[PDB]
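Values reported hereafter were calculated over all heavy atoms of this structure, with side chains retained and with hydrogens, waters and symmetry mates removed. Heads up: numbering here begins at 1 and tracks the sequence.
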Amino acid sequence: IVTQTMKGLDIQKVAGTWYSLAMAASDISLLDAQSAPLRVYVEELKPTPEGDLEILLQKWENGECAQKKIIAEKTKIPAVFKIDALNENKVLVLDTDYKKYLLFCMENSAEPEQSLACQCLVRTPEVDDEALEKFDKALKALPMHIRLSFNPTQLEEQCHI
Ligand SMILES: C=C1CC[C@H](O)C/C1=C\C=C1/CCC[C@]2(C)[C@@H]([C@H](C)CCCC(C)C)CC[C@@H]12
Ligand SMILES: C=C1CC[C@H](O)C/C1=C\C=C1\CCC[C@]2(C)[C@@H]([C@H](C)CCCC(C)C)CC[C@@H]12
């Protein structure tokens, strides 16, 4: 569904700390409540020397913020990864300048119209306007119905408060 992957991606260079400044999905219910299925908060990106990609994130399960460790496997496409879930879920890196921001989407390899969720990640607990500008543009051609944004204070708390 998304055809804006980034060219020449050097995955190793996205390593470390990241903040989920904004997020969006194709369905309200995906980012609805705090426990919504795709309501995840990224903590750090850990690319293996082997080329795969470890994801450290926070998810609000139960009555608390749970720390999750997910592994997204590399594919023949340097910007696309596959996380081993009950189904085949692809992770796509649309663009990144390595130092300030990174845009990625999570797509379900199903139909009629699979679920889609994208995020605007930034390196610092600051509201980066340009990154959000780019995030908006990239979203223009996508079927989103819910879009969320967080403030600096929320970014420093777990599960964004
Ligand atoms: C796990 C939980 C726990 C939290 C939810 O309530 C239910 C759930 C399952 C369903 C999907 C299955 C596995 C892959 C998904 C799609 C997670 C995905 C690994 C995050 C994409 C990572 C990207 C952060 C870089 C987000 C929701 C997960
Ligand atoms: C209400 C919501 C909820 C939040 C999501 O952005 C999607 C939405 C509605 C539908 C249109 C769909 C795709 C492209 C649009 C037009 C978004 C686009 C990312 C903003 C870039 C500006 C637009 C001028 C072309 C803004 C509204 C989006």
Side-chain angles (χ1 to χ4, degrees), residues 1-26 30-31 38-59 65-85 88-109 114-144 146-161:
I1 209 293
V2 180
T3 45
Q4 296 162 270
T5 60
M6 142 175 242
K7 284 187 179 179
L9 176 60
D10 182 347
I11 211 36
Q12 292 304 326
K13 297 184 179 172
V14 307
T17 306
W18 284 99
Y19 289 77
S20 293
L21 184 55
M23 40 183 94
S26 59
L30 265 27
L31 292 174
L38 295 187
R39 189 73 169 272
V40 296
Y41 307 102
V42 183
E43 303 299 68
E44 177 176 56
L45 285 194
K46 297 182 178 179
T48 77
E50 312 168 303
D52 294 311
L53 183 63
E54 282 193 302
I55 313 304
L56 268 294
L57 59 87
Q58 306 174 307
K59 176 63 212 298
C65 191
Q67 204 290 78
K68 263 286 185 179
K69 197 162 197 170
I70 284 64
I71 156 58
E73 298 169 56
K74 69 171 179 177
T75 66
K76 296 170 186 170
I77 300 169
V80 174
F81 301 77
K82 183 180 180 181
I83 61 187
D84 37 51
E88 48 184 359
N89 283 59
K90 302 172 184 169
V91 167
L92 306 75
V93 184
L94 287 57
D95 181 40
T96 189
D97 78 346
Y98 300 110
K99 64 180 188 300
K100 302 201 308 163
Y101 74 100
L102 180 152
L103 314 168
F104 80 82
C105 291
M106 205 289 287
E107 186 179 302
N108 165 50
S109 302
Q114 13 65 180
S115 53
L116 183 56
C118 307
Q119 296 194 177
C120 176
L121 303 175
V122 293
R123 294 294 207 174
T124 67
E126 293 178 292
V127 176
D128 186 319
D129 281 322
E130 184 180 64
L132 285 177
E133 218 288 349
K134 287 174 160 57
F135 184 55
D136 286 314
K137 298 314 168 187
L139 259 36
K140 293 178 298 180
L142 307 184
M144 303 312 233
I146 182 162
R147 166 85 177 302
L148 302 175
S149 234
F150 300 90
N151 70 216
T153 293
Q154 280 166 160
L155 295 165
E156 275 297 291
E157 272 81 272
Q158 295 202 300
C159 279
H160 293 6
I161 295 189

| Min side-chain heavy-atom separation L21-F135 under 4.5 Å | no

List the atom pairs, donor and acceptor, that lie under 3.5 Å between side-chain atoms in residues 154-161 and the rest of the protein, sequence neighbours left out.
unit_1 : atom_1 : unit_2 : atom_2 : d
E156   : OE2    : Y19    : OH     : 2.6
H160   : NE2    : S20    : O      : 3.2

| Beyond-backbone contact of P143 with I1, side-chain heavy atoms, under 4.5 angstrom | yes

| said: If you compare all heavy atoms of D10 against all heavy atoms of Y98, which two are closest, and at what distance to 0.1 Å? | reply: N-OH, 2.6 Å

| request: Output yes when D128 and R123 qualify as a salt bridge under the 4.0 Å nitrogen-oxygen rule, no when they do not. | output: no

| query | Between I55, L56, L53, which is the residue that forms a side chain to side chain contact (heavy atoms under 4.5 Å, CB included) with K46? | reply | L56

| Atom CE of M6 and atom CG of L92: how far apart are they, to the nearest 0.5 Å? | 13.5 Å

| Closest heavy-atom pair and its distance - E43, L57 | CG-CA, 3.8 Å

| task | Kindly compute the distance separating CG (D95) from CG (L103), expressed to the nearest 0.5 Å. | result | 5.5 Å

| Which pair of non-hydrogen atoms, one from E73 and one from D52, has the smallest distance, and what is that distance? | CA-OD1, 3.3 Å

| remark: What one should report as the nearest heavy-atom pair of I70 and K68 is CD1-CB, 3.6 Å

| query | Can you find a pair of side-chain heavy atoms, one from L142 and one from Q4, that are under 4.5 Å apart? | reply | yes

| NZ-OG1 distance between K13 and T96, expressed to the nearest 0.5 angstrom | 11.0 Å

| remark: Minimal heavy-atom distance between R147 and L132, with the atoms involved, is NH2-CD2, 4.2 Å

| request: Working to the nearest 0.5 Å, report the span between SG of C118 and CE of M106. | output: 9.5 Å

| task | Mind checking the CG-CG spacing from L116 to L30? Nearest 0.5 Å is all I need. | result | 9.0 Å

| field | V93 vs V14 side-chain heavy atoms within contact, under 4.5 Å | value | no

| message | Using a 6.0 Å cut-off, check whether atom NZ of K90 has over 12 heavy atoms from anything other than its own residue. | response | no

| Looking at side-chain heavy atoms only, is the closest gap between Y41 and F150 below 4.5 Å? | yes

| request: Using side-chain contact (heavy atoms from CB on, under 4.5 Å) as the criterion, list what pairs up with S149, not counting sequence neighbours. | output: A22

| request: Apply side chain to side chain contact (heavy atoms under 4.5 Å, CB included) to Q119 and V40, showing your working. | output: CA-CA 10 Å; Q119 296 194 177; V40 296; 3.7 Å; yes

| remark: Rounding to 0.5 Å, atoms CZ (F81) and CZ (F104) come to a distance of 12.0 Å

| Closest non-hydrogen atom pair, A79 against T5 | CB-CB, 4.3 Å

| message | Between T75 (side chain only) and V80 (backbone N and O only), is there a donor and an acceptor less than 3.5 Å apart? | response | yes

